């Protein structure tokens, strides 16, 4: 209990409280003030950040006071109430994460793909419902004293206003643990593993080419040096801006002035990728290699025709022969031994991998909408990494009470507590939240 331990642990607990509060009001302020961040996914994130803000203000400081003082100095009424809020916050967090997982599944399986089927009205209704049901399953078994144990060590701690050690009967510690944590966790891990499976299997040429070519609504110059716009649409071979601006207006049918809209860029991208497949079926050297290939490897060939041209890809006489004979790794080395690989290495390696593996693993989490699914997977993933050891030691204590000490029980609970401050830092992955944070912090 040395002076450097109590002050040392006192400082880190104080910093943990500050990092949780600051970080979460930052997230709540960002979604409430910036319209770009006003989505149904972010509505569940503000629900998650609220529980985290309640954690850092109402549970973590009183928990820190219980460790340093080695006793409870807030009475028996605030003891039960503090514990009830604590349980409510963890239940609401995992259930909102479960709701996000389900919402993301219904979105990816819908033709909208990355848009939720829920409106903002029903999303709010879903959010207050998790808090009403969580509030009922968290406050009622504690206020009614259904959680209470019948052994001497327990009953004496309830009577003492100095004690607030969570003593429970084996029935509450199993029922509340599976209903408030294990059931939403199992559903979340099973449902969110499917959203990752869907995102990868549903990858097509349109998403693949948006990864490789990108999207720039303004007229720019590519790696080759020629003028390009939208998703890899070459305008002219002429090194003249007005020459490229003239051929731009002729493609849309209006005075563009060099600026294009998403509707126009997508329309131009659709006819471009259609011209790429049209050229393959007309070219005598590319037509049989296309028929021999599979749906995913066909996209890799279309991609090559989109970038280099129909006659360009027909030059790989050896590589095309290898693709028909289905000698993927032997095709890869010849494709590596090219000017195309030297000029665009990050793009070529992905297309070459797609020919080898015959999967979308090279284009794994490359799309902006996929990064958003990865970020949400990290939010869910760290939560279970932080809470699972505490919830495992909780369902082990019921079978054998002497197997684990009280010192390791609080430590694993605090591993779950520090999670409440990680979520805001994980949102820095999104550029929308990054731009929001910088503006609110005035940097």
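Positions refer to the first chain, counted from 1.
Look at the mean CA B-factor for 335-343 and for 367-375 in the entry; the higher one is 335-343.
Just going by the entry, 417-425 versus 5-13 on mean CA temperature factor gives the higher value to 5-13. Remark: of 307, 91, 242, 109, 242 shows the highest value [criterion: C-alpha B-factor in the PDB entry]. Of the candidates 251, 100, 300, 87, the PDB record gives 251 the highest C-alpha temperature factor.
Compared with the other modelled residues of the chain, the Cα B-factor recorded for residue 150 ranks in the highest third. Per the PDB record, residue ranking by Cα B-factor puts residue 287 in the middle third of the chain.
Annotation for residue 55: CA B-factor lies in the lowest third of the chain's modelled residues.
In this PDB entry, residue 412 carries a Cα temperature factor that places it within the middle third of its chain's modelled residues. In the deposited entry, the Cα temperature factor of residue 213 sits in the middle third of values across the chain's modelled residues.
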